[PDB]
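Chain letters run A, B, ... following the sequence lines, proteins first, then strands; residues in each count from 1.
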Amino acid sequence: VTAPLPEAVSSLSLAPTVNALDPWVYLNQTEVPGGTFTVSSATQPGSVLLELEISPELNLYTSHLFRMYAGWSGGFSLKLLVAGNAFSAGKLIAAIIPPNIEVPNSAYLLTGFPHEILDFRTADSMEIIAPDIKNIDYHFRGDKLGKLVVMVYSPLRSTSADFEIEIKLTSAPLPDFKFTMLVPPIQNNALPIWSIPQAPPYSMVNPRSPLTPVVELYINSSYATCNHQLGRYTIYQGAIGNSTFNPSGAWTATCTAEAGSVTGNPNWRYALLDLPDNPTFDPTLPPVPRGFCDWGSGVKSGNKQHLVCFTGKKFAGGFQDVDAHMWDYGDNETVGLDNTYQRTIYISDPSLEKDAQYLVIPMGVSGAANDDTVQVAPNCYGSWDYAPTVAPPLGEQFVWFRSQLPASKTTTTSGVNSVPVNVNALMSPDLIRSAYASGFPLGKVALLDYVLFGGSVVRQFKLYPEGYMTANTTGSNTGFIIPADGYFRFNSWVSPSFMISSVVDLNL
Amino acid sequence: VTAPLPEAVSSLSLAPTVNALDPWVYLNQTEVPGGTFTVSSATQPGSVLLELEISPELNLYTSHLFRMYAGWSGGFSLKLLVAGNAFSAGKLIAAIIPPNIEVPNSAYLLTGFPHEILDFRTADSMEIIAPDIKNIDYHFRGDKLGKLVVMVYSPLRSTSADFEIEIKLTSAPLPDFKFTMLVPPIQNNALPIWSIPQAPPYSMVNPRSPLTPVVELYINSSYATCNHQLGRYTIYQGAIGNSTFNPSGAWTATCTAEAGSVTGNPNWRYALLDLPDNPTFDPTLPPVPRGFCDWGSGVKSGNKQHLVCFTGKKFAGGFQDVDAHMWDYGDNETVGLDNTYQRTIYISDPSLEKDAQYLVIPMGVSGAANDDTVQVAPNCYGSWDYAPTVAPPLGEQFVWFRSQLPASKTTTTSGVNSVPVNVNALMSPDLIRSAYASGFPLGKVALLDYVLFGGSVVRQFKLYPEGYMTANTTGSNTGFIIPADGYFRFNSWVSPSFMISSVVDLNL
Amino acid sequence: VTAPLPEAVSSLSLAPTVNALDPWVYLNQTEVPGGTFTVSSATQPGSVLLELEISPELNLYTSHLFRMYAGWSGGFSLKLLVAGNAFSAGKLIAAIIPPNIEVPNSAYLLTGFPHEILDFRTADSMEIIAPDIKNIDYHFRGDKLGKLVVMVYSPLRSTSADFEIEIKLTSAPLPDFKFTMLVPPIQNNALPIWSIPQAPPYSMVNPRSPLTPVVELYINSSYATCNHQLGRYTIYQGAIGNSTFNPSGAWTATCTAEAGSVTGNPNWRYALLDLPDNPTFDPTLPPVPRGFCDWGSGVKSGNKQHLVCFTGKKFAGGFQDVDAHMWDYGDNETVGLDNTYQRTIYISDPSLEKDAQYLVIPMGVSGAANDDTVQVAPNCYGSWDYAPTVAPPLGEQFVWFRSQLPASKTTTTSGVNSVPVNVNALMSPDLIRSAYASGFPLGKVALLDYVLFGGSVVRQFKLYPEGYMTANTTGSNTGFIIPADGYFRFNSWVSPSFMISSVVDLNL
Amino acid sequence: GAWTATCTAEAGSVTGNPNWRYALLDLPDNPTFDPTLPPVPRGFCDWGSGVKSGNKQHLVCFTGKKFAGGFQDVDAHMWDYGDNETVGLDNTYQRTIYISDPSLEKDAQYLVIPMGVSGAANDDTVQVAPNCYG
Amino acid sequence: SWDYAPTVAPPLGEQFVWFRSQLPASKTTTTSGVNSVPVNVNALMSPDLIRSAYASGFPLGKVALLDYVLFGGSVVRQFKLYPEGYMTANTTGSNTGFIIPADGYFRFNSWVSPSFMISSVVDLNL
């Protein structure tokens, strides 16, 4: 047992009611909800592996109990479960950072705090006292709290074949831990256990193609980034970018004429998408109708690939002569309009008269368009809140929701022709629903089991709070097949640096 | 003494661990989940108003604790809160029913049980001790339990004021209540408090029209019934009928045309809808693709109204010449094929040659069809489990998610012309998705607050577990309007016969 | 026990000085400032009727003491006085919300908090102990405090008597209440009791007509809204819009004429109003001189009605040939210039040569203009902070300070001829000047008694902090008359939704 | 590093001065031209040229046109903020400026390096920066 | 609605073991016949061995691990018998048409979970 910083029992003379815990909760060491992380030979020294707020969320039982209490006090006893080996050597630093103190980014500064050196040879079953640092009698909710920071002090080197050390924190509240002021169990602390509803992926809507069911989970080695503005959801503020919770209802939009015809291609006539949610033309608001298509065609393209939509003239209570026209974003001559997620679009049709309002229902792509072209969304500019570009941690690849858009063949001069194309989305809104219904632990990542074939095959994915799933993969593959008939099972909360033990073999 | 049956304190000698409670849980009283019901002169004599099992679910705090524990023992102290005035001439009897004893339907017989009788005019809570009647040391989950039964001892005869009397129950565990065998806090029982994610109704998909957003909550006195196969979601057995959790992804279907036509005219070529999920054509399985359109046309109505869909020849990799055509169910003469939710349809075009697949995207309703025709779905007759026809309780009306279908006007003779029409959905899957994560208490109905204009106007609905919401109405209306920009708030769990205090006046 | 949450007595070990109270302050009970609200069947379900922070402001005596002291500690004992009769079928719940806990909108959730439930029919005060929930030794000013929240546990369902139920709170400090650190008795918090100087309304200046005395308090059902820039004074941010505390001194303005006229006729020479307080012409700053006239003329109304002002050539040291001329805002055709509160005006005379300053003294209204036209002020569109358009709560009507403008008749052709008209002011600065010295409690509305004929007739108004007074009215009237020779008396602080008992019958 | 800026040329000139061709400064940090963001490039010249003094004083900048991979025909030209007359945007720190030369053609990109004052400007008039609005 | 035998499949990684019999053909030389063709018939499970299992019964819920002894000891094949009435074996390869002699006899080894992996894996590739 080592205590870097002494525990001060906080009397609790000012507490209205001192609510004692079940005495058996003190005697049972329970895995920390989120205190699971992996050290590998590729882990850079001085990298933070675990940031834990010293709070009732360090223990499963206390995390569940905290939803009924307005206050708390007392520290925790932490036990290291280090699945080490006989061949690896390395150091870990576990520092106690008092509240209102910023966490440093280097081990040199981190050794200034009260800390303990953890050597993988003898770190197993070592007890860490997590003190409750406060100048007040008991904590309320939302107060600043001390941190537990675990950093790589010496990189994990092995005298033999490389092994990844898996470390799990196990906790038990110290006997001085107490709760105060019973309140209804609807408090804001995230549930220690997240119960994902039993629902297969193929029953979820594809945000970037609502009309087409998702028939596959897709992994590509070449999709190192995602810049989509559709199918972007977060635990904190829900739908972000241009995403919506009803992709099908927000798929159709309308545009108005401009009296312009594109410099170079007379048949291409511009259009200005109307913004019912942005009628004041606010630059800080999305310059695109909510949930509108964000498919990509390319840069300085148009003679070889476009987007295909159903276009009609609204006359009265409906639309006139809806036919598959051929459209694209912006102009084709300037950066900032071409390949830009903004208001201006052009539709290839000779008859687009003054100030008329035209229905737009994107349906596919034409010409030399490819899966890679539609994968990359058009860029976003301006001060409006758009979804940032995201990338998976090295060694992990995004898991996509893949759909099969059918082509549209025309045998006449009316309408255009489309090419079959696959469209991928980061996340369906259906999975995130219960996720932000229950919430995520601060800074933690949901580890999900994708149960397949009734349990014989189980894939493990990391669901980040930013709204994407990554999978630990080996080798390279331009496309990986994963059945969409399985379902997601919640495994545990892990740090974002955690490495999934089960690795998908891409080169199969 | 307010304890008709004394508490039998269990020694808990067989309990592996005796887990004490927070001592303040005993001292404070809490509302009983699902302990709300109403009485009036219209209450049927001999009816049981409330059957409550004596369990940790009686109290919010004990219910939250019980998820952590395998076993429990001890009784509860209950208080009856009767909201009546000096005109409420009647008597209420609350009785404790031991396990394995049938509940009689006479208060005169209930007097034989340990009971208390309270007047509706009393403004003071009536306290009743609910002992834990058991022949075992402590309870596990799924045991026979004693029941609290509340009946009308003396009927309400005062006709001057026929107002509903809301009655609440409020409970606290007895000092001998204990828990045993700390376990992970995950359970199948419904959470006492359900939290809707505050998603506005217009952000919810319309199951019967995925492409069009919900713009309205709809009240119609004339409907009074619903026989739909889309938008039918139950809390217990999930989506029922032909409903889908991804209505947009299952909206499109495919059919095969055979050499034939309706006997009336040859233009209506017979098409046979294919069943990807029912390839064996089993009668016990649905005869239509999952999530396919269930709009109604009428009886023998093919000569004056139809449905309009986007259809095209299934070429290689896509579809050929997708244009708006005219279609309906079965044929126009025989029953049940006309107005029947089954596999055979006809497409109003001569181009269907034979044995060829054709896309079907229902988007139409044309001719003399109106809201009433599309409201009544085609009938079901097969041995498959179709969604039953449901009706609201007397004095209550369905509230519908309403969407506006734009017309498909055509000047050229290539396509068909449709008529604007409104389509109603019994329930959106987005609302029920939150309910699945929480679940409903058995035999209980969620009372929901629908707040509008920042809380200035609050509409109250009852969300039945069968998958519909209802509200009290006065008078009759042909399309009462409720804005869809509010958000749903959970009020409490109420009995299915609960009469909502707030009334929607339809004569405005 | 009437103490759901026990008092935690602070040792006050950290207090530099512990200052005892008058022992008789504990023993006597006093009305809570701002602890008055009403309920009825029209109360929206889930609404919070009163949020009271547990502070020395709960009691008049302790509030007066607290101005002398830097710190305080200890709780309060509160009594609920419900003014209901035997027909009031309902339940009220008062709950203690610990600091940093959000307030739920369900009584069923409120039962989880330390609470008490009382019936509306009880004629006895319900006592609730309000503990001082704190994790610190004692409170300073500006700390998070526990809150008393009162909600409707059971809605009022008895429709026979739909009378408002006034509910009062009365408090006394608990015996452990203490003060610390004697300080000079000057504070920014509002005084619990406001004393109007009894100045009669006719002694108050009319902001929209300084030269004419207020002769009437005006009720008009048809107005129901107010968009004015004069007479707009708020308790918090002082005078808003273009209002001034010295309306007479800011009434006159100056304009510069340019070579131009309205396209219709050349007699309406354009004049550009100068901005002494906005010489940089900043859009975020007002486009009119402070306190300038905001009477309305209409839309395109220049051909039939105008405004009349005293104007003259600005000579050296004074003004040349000051005579009554005709003027209006903007021009007569475009929007927004006509009926727009902005900088450009026209003067109906040919004598304006160019680039010359001219006095402007609005005193007119001529042509077909009436009370209704002058009531509706010109609109505002700029980025400057204009006074928002306010409306009274439903069932309540504005009361206006009314003045009579005498006509300016001319027999000679030198001057213009006006029409008598009445002008209303939302609020006189004289009344609000007293309120500034005292201030309003946050989220509270001053209920004022307007006594007439030596106290025989008392009219009750609600002075909102936004700067208007309202009264309950039955029926509709086109100019109900209230004498202006009374004086205002402060009754109490009430919630903004408080329903005044005394009703002004407009159908007389 | 921020002293140099580029402007976009548009048709039209200040009334009465056909050679005072209108120019529109580029905003690399404000591509959508949000009013919350500055309507000028960071660190651009804020020298004063008088209230309405285009007739008697101006600002001097080196002006060229970016032919390809650089600017060509860079020479000292005559420029000022706003367009005279309207106080809303003249003597103001807004986006729009004018450059006093006829050869300017639209819509080309032009280099601007403010380097001096020409007509009658003294220390006092350059001391007072143009007003800022918004 | 009648209670027909549900369609069953072996858990992934192991295949069914069938009782195979050779059905002879019925040739005809006159016009009174139909001239049948040789064919093999496979059945999931013989009734009598399940009957033998009825007397003892299966522990709930476990599957029986059976040793199939060939010609006095080695080689001993190892199968799993499920209570639903089918018998499986871990396999490597495809070998559509693998043959195991029917001269052996079954010998009970132990009770195992349905998800148990048989240590003895038969190599399909001949």
Side-chain angles (χ1 to χ4, degrees), chain B residues 24 27-36 38 40 59-61 64 79 81-88 120-125 160-168 170-171 192-193 195 447-453 455-460 489-494 499-503, chain C residues 1 3-6 40-49 82 84-93 95-96 102-124 151-162 165 391 393-394 496-497:
Chain B
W24 294 99
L27 303 187
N28 72 36
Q29 205 87 18
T30 312
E31 304 85 6
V32 175
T36 308
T38 51
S40 61
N59 182 283
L60 293 175
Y61 297 160
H64 190 73
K79 293 182 183 293
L81 277 296
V82 182
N85 53 21
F87 288 8
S88 302
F120 290 112
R121 287 182 291 128
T122 79
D124 291 331
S125 78
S160 64
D162 302 352
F163 74 107
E164 294 293 328
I165 295 169
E166 293 83 3
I167 297 166
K168 310 285 208 73
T170 300
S171 67
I193 297 169
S195 61
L447 177 82
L448 299 182
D449 305 306
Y450 184 62
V451 291
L452 288 160
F453 323 120
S456 75
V457 175
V458 186
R459 300 290 189 182
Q460 276 190 137
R489 205 177 48 209
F490 175 74
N491 204 308
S492 66
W493 302 109
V494 299
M499 191 61 30
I500 310 166
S501 59
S502 74
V503 178
Chain C
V1 177
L5 204 64
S40 61
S41 310
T43 304
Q44 291 306 100
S47 172
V48 175
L49 308 164
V82 182
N85 53 21
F87 288 8
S88 302
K91 290 291 208 243
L92 202 64
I93 171 170
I96 295 280
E102 293 83 3
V103 179
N105 292 276
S106 173
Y108 158 71
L109 294 174
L110 271 193
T111 53
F113 293 95
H115 71 273
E116 293 179 353
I117 297 169
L118 73 164
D119 188 358
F120 290 112
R121 287 182 291 128
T122 79
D124 291 331
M151 272 189 72
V152 176
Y153 189 63
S154 282
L156 292 181
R157 295 164 167 270
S158 51
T159 300
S160 64
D162 302 352
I165 295 169
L394 183 63
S497 56

Report summary line: The interface call for C:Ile93 against chain B, heavy-atom contacts under 4.5 Å, is side chain
Query raised in the report: C:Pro6 versus chain B, heavy atoms under 4.5 Å apart: side chain, backbone, both or neither?
Result: side chain
Report summary line: Per-residue tally against chain C (heavy atom, under 4.5 Å) across B:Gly455, B:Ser160, B:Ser501 peaks at B:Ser501
Report summary line: chain B shares the most heavy-atom pairs under 4.5 Å, among C:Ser106, C:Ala42, C:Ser41, C:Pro4, with C:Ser106
Query raised in the report: ring-ring contact (aromatic ring centres under 6.0 Å, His included) with B:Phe120: which residues, sequence neighbours excluded?
Result: none
**Report entry** Under 4.5 Å from a heavy atom of chain C, the part of B:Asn491 involved
**Finding:** both
Requested in this report: Give the minimum heavy-atom separation between C:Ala89 and B:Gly84, together with the two atoms involved.
Outcome: CB-C, 3.9 Å
Report summary line: In this structure, CG of B:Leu81 is separated from CG of C:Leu118 (nearest 0.5 Å) by 10.5 Å
Report summary line: Applying a strict 4.5 Å limit to non-hydrogen atoms, the region of B:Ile193 in contact with chain C is both
Query raised in the report: Looking at OG1 of B:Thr122 and CZ of C:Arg121, how far apart are the two atoms once the value is rounded to the nearest 0.5 Å?
Result: 7.0 Å
Query raised in the report: Where on B:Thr36 is there a heavy atom nearer than 4.5 Å to chain C: the side chain, the backbone, both, or neither?
Result: neither
Query raised in the report: Which atom names give the shortest non-hydrogen contact between B:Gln29 and C:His115, and what distance separates them?
Result: O-CE1, 3.1 Å
Query raised in the report: Are B:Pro192 and C:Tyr108 side-chain neighbours, meaning at least one heavy-atom pair lies under 4.5 Å?
Result: yes
Report summary line: Honestly, the part of C:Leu110 sitting under 4.5 Å from a heavy atom of chain B is backbone
Query raised in the report: Just how far is it from atom CG of C:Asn85 to atom CG of B:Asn85, taken to the nearest 0.5 Å?
Result: 9.0 Å
**Report entry** Interchain contact, B:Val457 with chain C, by part (heavy-atom threshold 4.5 Å)
**Finding:** both
Query - Contact origin within B:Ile500 toward chain C - heavy atom pairs under 4.5 Å - result: backbone
Query raised in the report: Side chain, backbone, both or neither: which part of B:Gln460 has a non-hydrogen atom closer than 4.5 Å to chain C?
Result: side chain
Query raised in the report: Are the side chain of B:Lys168 and the backbone N or O of C:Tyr153 linked by a donor-acceptor pair below 3.5 Å?
Result: yes
Query raised in the report: Is there a donor-acceptor pair under 3.5 Å between the side chain of C:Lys91 and the backbone N or O of B:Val82?
Result: yes
Query raised in the report: By side-chain contact (heavy atoms from CB on, under 4.5 Å), which residues pair with B:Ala161, not counting sequence neighbours?
Result: B:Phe87, B:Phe163
Query raised in the report: Side chains of B:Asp449 and C:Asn105: closer than 4.5 Å at any heavy-atom pair?
Result: no
